[PDB]
Each structure stands twice: as C-alpha cells, then as structure tokens.
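Undergrad: an experimental structure, sequence included, is below.
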Amino acid sequence: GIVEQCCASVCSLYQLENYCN
Amino acid sequence: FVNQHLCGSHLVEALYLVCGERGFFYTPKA
Ligand SMILES: [Zn+2]
C-alpha cells in the first residue's frame, strides 16, 4: 500500500492525492 | 513537485498537506 511504498520506496505528492476524501 | 521518501509520522504530515480540508484516510498494511 501507499504507507509501505512511500517508506520502502518513494512516492509522489500526486500519488498521495489518491488518499484524500 | 518532487518524489518523496516518507516514513511514519512524516507520511501523515504529507497527507495532511496534500489533502487539507478534504481530509484523508491513513490505511497501513496489517
Ligand atoms: Zn523523523
């Protein structure tokens, strides 16, 4: 999941937008 | 914008910044 990807790997602010309500 | 290495509370901070008033769900893996 994103929590995992952002930490083990890297992620973008655009990928994070997918978790907004 | 740039790519991000975000663990623990730093990820929560980033979600708060990105989503703001919309709110967000923080949903780690079990
Ligand atoms: Zn820290």
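TA: All right, it came through fine. Numbering: from 1, shown residues only, chains lettered A, B, ... in the order given.
Undergrad: okay, now residue 2: neighbour count?
TA: Going with chain A. Counted by other CB atoms under 10 Å in any protein chain shown, the residues lying close to residue A:2 total 18. All C-beta spots, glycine's among them, are computed from the backbone N, C-alpha and C.
Undergrad: sorry, I should have been clearer: chain B.
TA: Neighbour tally, residue B:2, other CB under 10 Å: 6.
Undergrad: what's the answer for residue B:19, then?
TA: The tally of other residues near residue B:19 (other CB under 10 Å) stands at 17.
Undergrad: so the helix or strand containing it, near chain A or not?
TA: Assigned by DSSP states H and E, residue B:19 belongs to helix B:9-19. Yes: for helix B:9-19, a contact with chain A is found by CB under 8 Å from any CB of the partner chain, at B:11, B:14, B:15, B:17, B:18, B:19.
Undergrad: quick one: stretch A:2-9 to chain centroid distance?
TA: Relative to its parent chain, stretch A:2-9 has a centroid offset of 7 Å by CA atoms, centre = their mean, to the nearest Å.
Undergrad: would you mark the buried spots in it?
TA: Across stretch A:2-9, burial judged by 16 or more other CB atoms under 10 Å in any protein chain shown covers A:2, A:3, A:6, A:7.
Undergrad: identify the spatial nearest neighbour of the third one, chain neighbours not counted.
TA: Nearest residue to residue A:6, sequence neighbours excluded (CB to CB, 6 or more residues apart in numbering or on different chains): residue B:6, at 4.1 Å.
Undergrad: repeat that for the last one.
TA: The spatially closest residue to residue A:7, leaving aside those adjacent along the chain, is residue B:7, at 3.9 Å (CB to CB, 6+ apart).
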